[PDB]
Amino acid sequence: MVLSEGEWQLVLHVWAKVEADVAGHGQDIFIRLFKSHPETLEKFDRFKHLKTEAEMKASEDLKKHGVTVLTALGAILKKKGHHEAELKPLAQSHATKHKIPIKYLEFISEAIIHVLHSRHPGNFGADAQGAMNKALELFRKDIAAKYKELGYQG
Ligand code: HEM
């Protein structure tokens with residue numbers, strides 16, 4: 001797929017709001033993910049002992065990890081589709097070290113869209129949500145193609 005510039009504009013306009021509090025957005029997203037799809041928590045050896053949302057919010061390691069993840073995602077979105085280099089090391093570690101299936105990348109995509117919708121309703125109407133969804137579908141389709149080249153296609 002190819003997003004138009006107007007779509008990329010809608011995505012970087014709400015992303016600029018997220019960047020005003022990257023650590024708080026990271027927490028909300030991961031908490032939403034772990035609550036909605038508990039199986040994804042099992043993939044994290046560092047965090048799978050966390051039993052409640054209260055424990056998750058209080059985890060300083062989880063908040064540092066959410067900042068790492070959103071920073072890497074933001075760098076990919078700011079490329080506007082020219083993200084081949086950024087995607088390489090990310091696809092290698094998620095396919096060969098962490099073993100994350102594409103279906104889990106759909107689950108975090110849903111969590112990102114839920115949290116933007118809750119926190120940024122004015123900058124996340126139907127058109128802006130449709131553009132963010134297109135941008136995350138492009139990221140998932142490109143990562144899935146790299147998984148296949150690396151031998152995992154999971
Ligand atoms: C927006 C999608 C994602 C992005 C941009 C992303 C990014 C990252 C980054 C930048 C790291 C640190 C360096 C590395 O190991 O590569 C990381 C680690 C990791 N990611 Fe992801 N990730 C994504 C989705 C997921 C999903 C959905 C899962 C699991 C369901 C996953 C599981 C992990 C694991 C197990 C680690 C190691 C964490 C730790 O112990 O340090 N990632 N991810």
Side-chain angles (χ1 to χ4, degrees), residues 1-19 22-48 50 56 61-120 123-154:
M1 20 208 318
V2 174
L3 275 70
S4 65
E5 169 69 15
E7 291 169 327
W8 281 119
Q9 275 190 259
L10 292 174
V11 166
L12 295 173
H13 177 76
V14 62
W15 197 254
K17 302 311 193 213
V18 169
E19 292 184 339
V22 178
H25 282 85
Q27 291 183 114
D28 284 13
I29 283 162
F30 272 99
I31 286 170
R32 172 64 187 183
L33 174 71
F34 295 159
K35 279 204 305 196
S36 297
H37 308 272
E39 66 264 37
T40 62
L41 182 50
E42 295 191 266
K43 283 291 183 177
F44 292 89
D45 287 346
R46 251 161 99 214
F47 309 119
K48 61 176 175 197
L50 295 176
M56 283 168 201
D61 277 5
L62 187 55
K63 168 151 93 28
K64 288 197 277 213
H65 168 76
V67 172
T68 294
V69 175
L70 293 187
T71 301
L73 177 55
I76 283 157
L77 297 172
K78 279 168 185 187
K79 291 321 283 301
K80 300 161 83 185
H82 290 99
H83 55 226
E84 329 81 39
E86 290 67 27
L87 235 57
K88 271 178 176 25
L90 203 246
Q92 180 174 49
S93 62
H94 290 48
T96 142
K97 186 187 182 325
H98 307 320
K99 277 92 156 169
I100 313 304
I102 293 294
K103 153 80 121 182
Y104 288 8
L105 300 179
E106 284 166 357
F107 294 159
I108 196 173
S109 283
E110 187 185 321
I112 285 152
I113 280 171
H114 170 97
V115 169
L116 301 186
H117 178 68
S118 298
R119 280 231 217 209
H120 308 288
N123 286 313
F124 202 67
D127 291 347
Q129 183 173 327
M132 179 60 80
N133 177 63
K134 229 179 132 166
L136 296 179
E137 289 197 332
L138 175 61
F139 165 72
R140 275 195 250 104
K141 155 173 97 23
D142 277 11
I143 283 273
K146 274 34 112 186
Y147 277 3
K148 199 194 184 356
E149 299 177 26
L150 297 166
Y152 176 71
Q153 190 31 32

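Note that these values count all heavy atoms, side chains included, but never hydrogens, waters or copies made by symmetry. Numbers here simply count residues along the sequence, with the first being 1.
With 3.5 Å as the limit, one finds a donor-acceptor pair spanning the side chains of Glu137 and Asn133.
The side-chain heavy atoms of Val67 and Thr71, taken from C-beta on, include a pair separated by under 4.5 Å. Side-chain atoms of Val115 and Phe124, non-hydrogen and from C-beta on, never get closer than 4.5 Å to each other. Taking the side chain as every heavy atom from C-beta outward, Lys17 and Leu116 never approach each other to under 4.5 Å. With contacts defined as side-chain heavy-atom distances shorter than 4.5 Å, the pair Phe139/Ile76 qualifies. Considering only heavy atoms from C-beta on, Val69 stays 4.5 Å or farther from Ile29 through its side chain. Contact annotation: the side chain of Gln92 approaches that of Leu150 to within less than 4.5 Å [non-hydrogen atoms, C-beta and beyond]. Under the 4.5 Å side-chain criterion, counting only non-hydrogen atoms from C-beta, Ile113 is in contact with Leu136. The closest side-chain heavy-atom distance from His25 to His120 is below 4.5 Å.
For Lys48, the salt bridge (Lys or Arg N to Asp or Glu O under 4.0 Å) partners are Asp45, not counting sequence neighbours. Residues passing the salt bridge (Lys or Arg N to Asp or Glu O under 4.0 Å) test with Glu19 are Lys78, sequence neighbours excluded.
Looking only at distances, no side-chain donor or acceptor of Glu110 sits under 3.5 Å from a matching main-chain atom of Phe107. Judged purely by atom type and a 3.5 angstrom limit, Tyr147 has no side-chain atom pairing as donor or acceptor with the backbone of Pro101. In this structure, the side chain of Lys99 engages the main chain of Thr96 through a donor-acceptor pair within 3.5 Å.
We find the CG-CD1 distance between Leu90 and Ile143 to be 5.0 Å, quoted to the nearest 0.5 Å. Separating the NZ atom in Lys146 from the CG atom in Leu87 is a distance of 6.0 Å, to the nearest 0.5 Å. For the atom pair CH2 (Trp8) and CG (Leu3), the distance works out to 4.5 Å, reported to the nearest 0.5 Å. Atom NE2 of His114 sits about 12.5 Å away from atom CD1 of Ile112, to the nearest 0.5 Å. To the nearest 0.5 Å, atom NZ of residue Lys134 and atom NZ of residue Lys141 are 11.0 Å apart. A distance of 12.0 Å separates CD in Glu7 from CG in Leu12, rounded to the nearest 0.5 Å.
Environment of NZ in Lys103: sparse, with no more than 12 heavy atoms of neighbouring residues, nucleotides or ligands closer than 6.0 Å. Around atom CG of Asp61, more than 12 heavy atoms belonging to other residues, nucleotides or ligands sit under 6.0 Å away. By the neighbour-count criterion of 12 heavy atoms within 6.0 Å, atom NE2 of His117 is sparsely surrounded, having that number or fewer from other residues, nucleotides or ligands.
In terms of heavy-atom proximity, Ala128 sits nearest to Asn123 at CB-O, 3.5 Å. Here the closest non-hydrogen pair linking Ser36 and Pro38 is C-CD, 3.3 Å. When all heavy atoms are compared, the tightest approach of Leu70 to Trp15 is O-CZ2, 3.6 Å.
Sorted by first and then second residue, the ring pair (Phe, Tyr, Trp, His ring centres under 6.0 Å) pairs involving residues 62-95 (not counting sequence neighbours) are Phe30-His65, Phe44-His65, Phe47-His65, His94-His98.
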> Does the side-chain contact (heavy atoms from CB on, under 4.5 Å) test come out yes or no for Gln153 and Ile102, once each step is laid out?
Replying inline: CA-CA 8 Å; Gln153 190 31 32; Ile102 293 294; 4.1 Å; yes

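In this structure, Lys79 does not pair ionically with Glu84, as no charged nitrogen and carboxylate oxygen lie closer than 4.0 Å.
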